[PDB]
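Just below is one structure, and these are the notes that go with it.
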2 protein chains.
Amino acid sequence: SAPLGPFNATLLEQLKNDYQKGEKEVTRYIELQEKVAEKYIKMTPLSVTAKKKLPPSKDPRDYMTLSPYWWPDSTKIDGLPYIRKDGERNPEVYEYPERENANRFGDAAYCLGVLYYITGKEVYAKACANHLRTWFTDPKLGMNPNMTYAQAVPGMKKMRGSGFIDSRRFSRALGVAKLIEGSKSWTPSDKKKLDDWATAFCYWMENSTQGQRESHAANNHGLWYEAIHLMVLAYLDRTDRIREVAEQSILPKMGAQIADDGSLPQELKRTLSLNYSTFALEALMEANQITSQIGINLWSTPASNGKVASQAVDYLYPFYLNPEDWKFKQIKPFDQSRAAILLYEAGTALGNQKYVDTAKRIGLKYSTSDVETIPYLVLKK
Amino acid sequence: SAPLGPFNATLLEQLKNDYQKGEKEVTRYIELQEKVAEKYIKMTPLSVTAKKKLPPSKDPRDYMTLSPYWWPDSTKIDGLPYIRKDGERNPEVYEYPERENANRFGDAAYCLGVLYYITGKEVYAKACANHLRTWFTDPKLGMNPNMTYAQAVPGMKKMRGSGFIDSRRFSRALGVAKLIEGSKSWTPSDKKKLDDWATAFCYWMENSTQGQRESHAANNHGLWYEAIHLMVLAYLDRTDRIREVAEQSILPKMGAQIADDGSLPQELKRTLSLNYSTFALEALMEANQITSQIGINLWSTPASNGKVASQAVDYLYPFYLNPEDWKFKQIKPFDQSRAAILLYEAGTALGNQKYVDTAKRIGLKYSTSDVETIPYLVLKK
């Protein structure tokens with residue numbers, strides 16, 4: 001039975017079980033994963049400190065990115081204040097190294113942590129530990145436990161908390177650290193430092209003005225905040241906080257953000273409305289992976305007004321079959337393959353065989369290196 | 001009468017003349033442009049050598065970028081060879097600093113050079129010279145006169161000349177160097193070094209296998225190749241060659257690309273078909289800015305097959321009025337403001353008053369800092 005963390009635990013346990021029983025199809029799949037993971041063993045661990053332009057705090061350990069849809073105003077002599085173009089990512093984002101480096105670190109730690117859980121090979125713990133140590137707890141290279149300067153916007157006067165959604169990059173990694181506990185490489189001293197970091201991070205996201213405001217956001221951001229919250233709480237073994245968050249924040253938000261016909265109106269007004277509808281349901285999917293490990297099914301548990309998250313899947317399913325029928329603003333092509341994991345996750349949670357069949361038909365590539373697809377051999381056949 | 005160069009010489013001579021006579025409306029506009037140009041006076045000159053990852057020659061003075069629609073194959077252990085996704089720019093392009101740095105050099109040098117031509121203020125020639133010397137002729141920081149590793153593709157076995165299209169980002173800057181000749185800052189020794197660079201670059205694009213191949217391209221790349229070709233030849237005062245290239249390469253190429261209804265079938269098969277149809281005409285437009293300075297109007301001169309560039313403008317015009325009516329694949333929204341300069345250029349060339357009125361109706365923002373709009377006060381209200 002798997003430790004509590006940010007993954008489909010049913011799929012992980014069944015992979016680990018069939019690997020240990022020497023079943024051939026899984027064993028061959030895991031060996032492919034082991035050859036994918038080799039580059040993460042060699043990979044030099046990343047740090048948020050690897051940047052030149054320092055945040056206003058003058059501290060390189062503070063995470064800082066640019067908010068993606070904000071662009072310099074050509075009609076101003078300095079381009080300030082930046083203006084918003086919903087759905088059009090400003091390539092300046094890539095001048096902030098932590099934007100892609102937190103994504104790379106997250107992939108490395110998640111891949112190595114899962115393969116350690118599945119094979120028991122210490123080489124995977126040792127490498128995962130090296131990434132976790134450097135990114136999180138190192139007294140020089142570790143990030144400070146806050147998201148103060150995430151998605152800054154040049155010229156913007158007010159402080160904002162929307163950047164907190166960047167945290168999902170490293171928070172999955174934070175949760176996977178629990179899989180390497182008991183290894184020879186993850187020492188008790190290593191565990192205490194990360195526990196203390198996660199405690200400091202949970203405090204900040206629950207009590208800073210930015211984290212409070214993000215906890216009250218009325219769209220997919222509010223759902224993703226709670227998805228991240230659950231990973232932090234799950235890492236810290238606070239399963240009663242997970243129950244409280246699900247019932248006092250996630251279910252109310254789901255009850256407010258789903259409309260009577262099952263649409264997500266807050267996402268319907270975006271320039272990538274099919275992306276953001278799906279993005280909201282992805283925040284529910286990752287939350288549910290955690291809550292359902294303690295008996296809480298967020299796809300079928302009603303909000304106080306009777307609405308259930310499966311209604312929003314129902315609304316979107318015809319368009320996952322045919323993204324071209326989508327009749328709302330969508331200024332870039334929807335990636336249909338996002339519906340594979342999503343329909344598989346919601347389909348199984350609901351005993352909806354039509355959803356699971358459609359997930360497997362859409363499928364995932366057997367030899368893809370996309371580290372999020374590791375548990376989903378079930379979709380690669 | 002302005003030196004031969006890559007700009008609308010009629011508008012530029014108009015601006016400089018009205019500036020010298022002290023006309024208020026033009027003086028206000030130049031004074032704005034000078035405020036915008038201040039950041040280029042301060043800007044540190046860029047060099048292609050400012051990269052860590054070197055090209056296969058191990059020479060930092062060779063330009064190297066990634067072909068923008070080529071992505072790692074996730075189904076491969078090393079991601080190699082990359083695969084193509086037409087229209088989807090791979091953010092990895094930004095890991096090659098000369099991709100954006102050649103654009104920033106281009107804007108700074110062109111802006112400063114045009115302002116020196118219009119105003120006579122030696123401070124603009126002196127700064128333009130600083131950027132030119134550093135990008136082109138400096139014996140340590142200057143770029144080699146070739147495009148051998150432009151738009152390289154990892155894993156691709158064959159050599160390609162598609163990368164040559166990047167040259168447009170610095171070949172306009174080369175062209176405006178002609179505007180600072182006679183200044184105090186641009187010495188006969190500066191001119192001779194640049195002349196020799198430009199000769200070497202011209203030899204490479206005409207005789208290398210990649211240059212030869214690119215000169216034969218049957219879509220917009222053939223047009224851009226010759227448009228870039230004209231900037232280099234005009235800079236070298238090879239007006240006889242400009243005629244030959246116009247008469248024997250551009251017009252046949254343009255005629256072979258236009259279909260009976262005026263559409264451009266090679267661009268219609270792209271995922272950004274309206275972008276690429278407009279991109280094709282933009283090459284013709286920039287080429288005509290140079291040909292029409294020696295009496296060849298590319299918009300109205302038919303090719304041997306009876307096709308004339310004005311047929312292509314005519315087919316695209318309704319969709320510049322209403323871009324949403326475009327009925328071919330277009331996986332990002334079309335930037336309508338591109339029609340402003342395009343319809344004004346072709347509209348004046350053809351004496352079509354309807355094209356010119358629409359150009360002004362779409363318009364450019366009076367205070368924009370986009371350097372390519374500097375000559376078009378006539379489109380700014």
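Numbers and lists here come from the model and the stated rules, or from a named source; none is laboratory data. Neighbour counts run over all protein chains shown; Cβ positions are idealised from the backbone, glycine included.
Within the option set B:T301, B:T358, B:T373, B:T348, being hydroxyl-bearing (S, T, Y), surrounded by fewer than 21 Cβ atoms within 10 Å (Cβ to Cβ) and in contact with a strand residue (DSSP E or B) (Cβ under 7 Å, 6 or more places away or on another chain) holds for one residue only, B:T373. Within the stretch B:1-30, residues that are in a loop (DSSP other than H, G, I, E, B) have Cβ atoms under 7 Å from residues that are of a type in the set (K, R) and surrounded by 18 or more Cβ atoms within 10 Å (Cβ to Cβ) in these pairs: B:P3/B:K178; B:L4/B:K178; B:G5/B:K178; B:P6/B:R172, counting only partners at least 6 apart in sequence or on another chain.
Filter the stretch A:80-137 down to the residues that are of a type in the set (S, T, N, Q) and either within 29 Å of A:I41 (Cβ to Cβ) or crowded, with 18+ Cβ neighbours inside 10 Å (or both) and list them by number.
The answer is A:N101, A:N103, A:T119, A:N130, A:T134, A:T137.
Could you look through the stretch B:83-134, keep only residues that are outside any helix (DSSP H, G or I) and within 14 Å of chain A (Cβ to nearest Cβ), and pick out the one that is nearest to B:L66 (Cα to Cα)? Among them, the one singled out is B:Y96.
For the stretch A:310-330, a residue qualifies if it is acidic (D, E) and out of contact with any helix residue (DSSP H, G or I) (no Cβ under 9 Å at 6 or more places or on another chain), and the qualifying residues are A:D314, A:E324.
Just one of the listed residues (B:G106, B:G87) is in contact with a strand residue (DSSP E or B) (Cβ under 8 Å, 6 or more places away or on another chain), not acidic (D, E) and not assigned by TED's automatic domain parsing to the domain that holds B:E282, namely B:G87. Of the candidates A:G262, A:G211, the single residue that is touching a residue at least 40 places away in the same chain (Cβ under 8 Å) and outside any loop (DSSP other than H, G, I, E, B) is A:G211. Total residues in the stretch B:31-51 satisfying the condition of being assigned to a loop (DSSP other than H, G, I, E, B) and more than 21 Å from B:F170 (Cβ to Cβ): the figure is 0. Report whether or not B:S162 is crowded, with 22+ Cβ neighbours inside 10 Å and of a type in the set (G, A, S). Judged against the criteria, B:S162 is not a match.
Determine, yes or no, whether A:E31 is away from chain B (no Cβ under 14 Å), within 27 Å of the chain's Cα centre (by Cα) and surrounded by fewer than 17 Cβ atoms within 10 Å (Cβ to Cβ). Walk me through it before giving the result.
Working: away from chain B (no Cβ under 14 Å): no; within 27 Å of the chain's Cα centre (by Cα): yes; surrounded by fewer than 17 Cβ atoms within 10 Å (Cβ to Cβ): yes.
Taking the combined requirement at face value, the residue does not satisfy it.
So which of A:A198, A:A177, A:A173 ends up being in contact with a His (Cβ under 9 Å, 6 or more places away or on another chain), of a type in the set (G, A, S) and closer than 13 Å to A:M231 by Cβ?
Numbers: A:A198 fails: in contact with a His (Cβ under 9 Å, 6 or more places away or on another chain); A:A177 fails: in contact with a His (Cβ under 9 Å, 6 or more places away or on another chain).
Result of the check over A:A198, A:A177, A:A173: A:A173.
Among the helices (runs of 4 or more DSSP H) lying completely within the stretch A:266-381, list those that include at least 1 residues that are within 18 Å of A:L223 (Cα to Cα) and within 14 Å of another protein chain (Cβ to nearest Cβ).
On the way: elements: A:273-291, A:310-321, A:338-349, A:353-362.
Output list reads A:273-291.
When the stretch A:214-255 is filtered for residues that are of a type in the set (D, E), surrounded by fewer than 17 Cβ atoms within 10 Å (Cβ to Cβ) and either assigned to a helix (DSSP H, G or I) or within 18 Å of the chain's Cα centre (by Cα) (or both), the ones remaining, listed by number, are A:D240, A:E244, A:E247. With respect to the conditions (1) surrounded by fewer than 18 Cβ atoms within 10 Å (Cβ to Cβ); (2) closer than 20 Å to B:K360 by Cα, B:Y320 lacks only one, and its number is (1). Quick one: would you say B:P68 is part of a loop (DSSP other than H, G, I, E, B) and away from chain A (no Cβ under 12 Å)? It is false that B:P68 is part of a loop (DSSP other than H, G, I, E, B) and away from chain A (no Cβ under 12 Å).
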